[PDB]
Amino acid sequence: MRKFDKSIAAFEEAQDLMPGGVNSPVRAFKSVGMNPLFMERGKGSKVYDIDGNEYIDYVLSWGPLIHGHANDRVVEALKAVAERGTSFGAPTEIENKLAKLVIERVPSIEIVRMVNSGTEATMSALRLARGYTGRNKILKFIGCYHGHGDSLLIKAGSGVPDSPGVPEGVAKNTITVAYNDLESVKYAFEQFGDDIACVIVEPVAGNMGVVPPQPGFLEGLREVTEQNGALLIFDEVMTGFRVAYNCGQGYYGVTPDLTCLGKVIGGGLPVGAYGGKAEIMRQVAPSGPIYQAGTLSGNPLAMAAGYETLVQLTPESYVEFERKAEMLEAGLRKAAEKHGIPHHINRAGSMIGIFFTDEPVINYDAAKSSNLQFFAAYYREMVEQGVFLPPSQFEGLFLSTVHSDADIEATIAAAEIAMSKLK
């Protein structure tokens, strides 16, 4: 029987310091109605709470830890940079080294700009798209999260009416359509087409759980934007370096005008980036008039973590991710079928998510049919069995290059027990 005494006491302290006792809303474990787990350390695919409990980690800091916790190569590079200075406020050669790697790895990126988060990357790409086209409106999808820039906080799904504090002056310039609903994007262009600066889309939706694009969706977005003079922006903050070697755009063969990156690009440190066609990126200050800056953007510590992370990813890493994701899908499918549990498993490249509904999960509306009581009961038992999954039905399982076949087998064995207690 797992004990959470130390985590309970630390959360009593936290609640008197931060809103809801956390620095990010999902960390309060409210979706599963459990006491939040306080983490002490990690190594590879293993994470340890302050009560000394060990877990197989499928959260990986919500995506960044593609090589798990404390990867030796990343750690040594961080220690070497720290001794020489973590930030200078002037150019460094390490910034060149990561920018070159990102340009080579991401198809659409010819010129890149580093920032400190995915929120900074998407807000900057929207400003660039509006400035480049001379247009006001942006189109996004219902149930999709792109960070907390005001224009993007409209119908942002699970966890996010729409956030107060966002004026009508902002809301009026954001159009929202159901993810995977190509015809409704086409209809929006019939009304707003020459005032739409951009369409922003996740190549695989990740905030409504894992929802892959339907056939013809992404290709359709590329067609409608280019025919109407709008930019196509791929928000690859979660998908980038994770769904495939050359990202979602590489995986599906659809090339956007601009791409936003985060999460894995930092390998455990706060890093984001936006990049794309050279003629568009040239409009960003100091080369152009569209202002964006950051004090810690491109700092050597974050560039080293990001470089050491990305250089260790090869095409073979993704073949292994796909093999493990297929094994997890089969094991979860077998456990749900054995116990008569409604379930739908989505898989796109390395990404995988299980929804507690029999409905085919193709959009936010279908995702919302998930049985959240079953999710919370399944989650509670997975914690008891030593598995740390994302505490939300509206998230996929994150894999690392360090998950072993023994980890996968133990996860499936835990899921069988967890499914057996639902009904």
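Numbering starts at 1 and runs along the sequence shown.
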Completion exercise
In the entry, residues of the deposited sequence missing between residue 160 and residue 161 amount to 4 to 9
Problem - Of 374-382 and 350-358, the one with larger mean CA B-factor - result: 350-358
Fill in the blank from the handout: Averaging the C-alpha temperature factors as deposited, the higher value of 140-148 versus 257-265 falls on 140-148
Completion exercise
Looking only at 250, 203, 272, 169, the Cα with the top B-factor belongs to 169
Handout entry: Candidate set 47, 59, 66, 367 [ranked by C-alpha B-factor, highest]
Key = 367
Problem - Ranked C-alpha temperature factor of residue 189 among modelled chain residues, by third - result: middle
Exercise for the section: Quick one: classify residue 337 as lowest, middle or highest third of the chain based on its Cα B-factor. Expected result: highest
Completion exercise
By the entry's values, the third containing the CA B factor of residue 164 is the highest
Fill in the blank from the handout: In terms of its chain's C-alpha B-factors, the third that includes residue 55 is the lowest
Problem - Chain-relative CA temperature factor third for residue 326 - result: highest
